[PDB]
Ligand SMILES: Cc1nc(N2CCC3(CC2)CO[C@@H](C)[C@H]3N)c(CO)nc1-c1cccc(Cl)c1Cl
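What follows is a single chain, given as structure tokens, in the form deposited without this ligand.
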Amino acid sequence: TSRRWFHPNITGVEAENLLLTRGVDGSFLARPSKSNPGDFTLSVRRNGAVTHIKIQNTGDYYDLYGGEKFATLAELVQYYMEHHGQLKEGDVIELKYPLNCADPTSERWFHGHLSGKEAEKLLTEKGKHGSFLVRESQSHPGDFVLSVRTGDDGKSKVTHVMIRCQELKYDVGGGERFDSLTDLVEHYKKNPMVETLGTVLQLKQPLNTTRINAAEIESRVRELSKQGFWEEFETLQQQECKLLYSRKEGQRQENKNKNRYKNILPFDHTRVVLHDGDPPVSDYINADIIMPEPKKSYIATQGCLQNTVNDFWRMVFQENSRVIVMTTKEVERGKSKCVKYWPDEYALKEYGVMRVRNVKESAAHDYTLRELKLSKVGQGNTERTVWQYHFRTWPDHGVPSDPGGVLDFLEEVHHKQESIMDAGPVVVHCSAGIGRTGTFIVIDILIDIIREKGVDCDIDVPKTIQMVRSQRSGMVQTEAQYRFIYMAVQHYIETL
């Protein structure tokens, strides 16, 4: 739950030097890769030396070189910290001691270069009782300032507390000295400073710095392009450790082969439970209800395996879904993503107790549309049309350069969904069901707000992503997908 082992601004040489002087055999940290941006490096110390393991993420999952594939860095660390003997270098290396980071740049409450007047301006417009921030010092270079709002919602005040940096330790002028600003902040959240006149300086929540008005999107993107996108994303990534809910149902022996990737699993409290099977384990599918928080919901799931095809159609029928969104080709760069789970055009196939007819195909440039009729074998009045939107112009590397094709796609998907009475969640899948799947769903949630409320509405991209990640681990995988979400929201605003 710490995630302090991730160092955002460290190099390979600084990683070796930090592990050789402050760490011991078994100490580790994780950092961005400097040789190949977009990837990550796990730096472990063993037998008095440091080894560096490559962690790739092209948009679908974190892939440990010589290891396994994971939905988040936190889950990768947590896995190998409890599965010693599994991390192979080809000797075995252990993750014993997280080397914690003292750089507070990825913290929600850290602002850096900020004046006192501006700190009061931001805490006035967006802050409430307990909102706080930590900024670099105005009057005393090297020091820091803690600015807290206290009042009721001239009944409120902003209090500034100086934070001296003495010998690489931090203090508020008296008491204990801390090795990092994070340690000082975590101390004074649990034991808040009390003023002479009784005012308790509670540090309830950090000040929101990402919620913007939809009309300010062009300004915000220009500010994040001069880089701000990387910092805003890694601040979101630091909060994935609060989303380590139980995934025990996917870890069962009976459900191991129902996952495309053994470690990328749904949460127990949001997974799709399948009812009425055959009496072993017939209730499991690697899928999660995504509910934004009528209201449009989503089922984020993985690409189909050969042995989960029947389970897929049971889910579509049981959840009453009428629209399926497919975010990858059947085959991409020679590797099999989704297996074909639909019949050829005009053909009829039976998948277990479910019966699917491919009625018509319509081929646009960005996607293929397939009108399918799904029914339960042997029953009348169970037939419903399911519309499959197979997006096929997503590039093999990175994100699309122009978000227009994705938006027009989503616009079509949304109107067909709205046209069907009592439609269930929209199914979005392919590959591991977290990368492209999360990007499509997050864009569609934000674009939904703008479509119904116009340009005068607050959007908060990291808050929307974090809310989605609590229902399926790893939704939105890379910093390029994060930027693409902004680009798509901005492009939708401009076409209004």
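Start at 1 and count along the sequence shown; that's the residue number.
In terms of unmodelled positions of the deposited sequence, the stretch from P279 to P280 in this entry skips 1 to 3 residues. Gap check for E293 to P294: 4 to 9 deposited residues are absent from the model.
Higher mean CA temperature factor between 313-321 and 128-136: 128-136, per the PDB entry. Looking at mean Cα B-factors across 437-445 and 457-465, the upper value is held by 457-465. Per the PDB record, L123 has a higher Cα B-factor than any other of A363, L73, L123, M354.
Per the deposited coordinates, the residue with the largest Cα temperature factor out of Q237, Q417, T270, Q227 is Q227. Placement of the Cα temperature factor of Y170 within the chain: highest third of the modelled residues, per the deposited record. Among the modelled residues of its chain, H429 has a C-alpha B-factor that falls in the middle third, as given in the PDB entry.
For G404, the recorded CA temperature factor ranks within the lowest third of the chain's modelled residues. Among all modelled residues in this chain, the alpha-carbon of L18 has a temperature factor (C-alpha) in the highest third.
Per the deposited record, the Cα B-factor of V145 falls in the middle third when ranked against the other modelled residues of its chain.
Heads up, the form solved in complex with this ligand isn't pictured, but that's what we're talking about next.
Only one of 414-422, 102-110, 341-349, 310-318 lies within 4.5 Å of this ligand in the deposited complex by heavy atoms, and it is 102-110. Contact annotation: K463 falls within 4.5 Å of this ligand in the deposited complex, judged by heavy atom distances. In the deposited complex, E120 stays away from this ligand, with no heavy atom inside 4.5 Å.
This ligand in the deposited complex comes within 4.5 Å of a heavy atom belonging to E231.
For the chain shown alone, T235 is a contact residue for this ligand in the deposited complex, at least one non-hydrogen atom being within 4.5 angstroms. Interface residue among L207, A214, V145, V353, judged by heavy atoms within 4.5 Å of this ligand in the deposited complex: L207. This chain lacks the partner; the member of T368, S156, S137, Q239 within 4.5 angstroms of this ligand in the deposited complex by a non-hydrogen atom is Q239.
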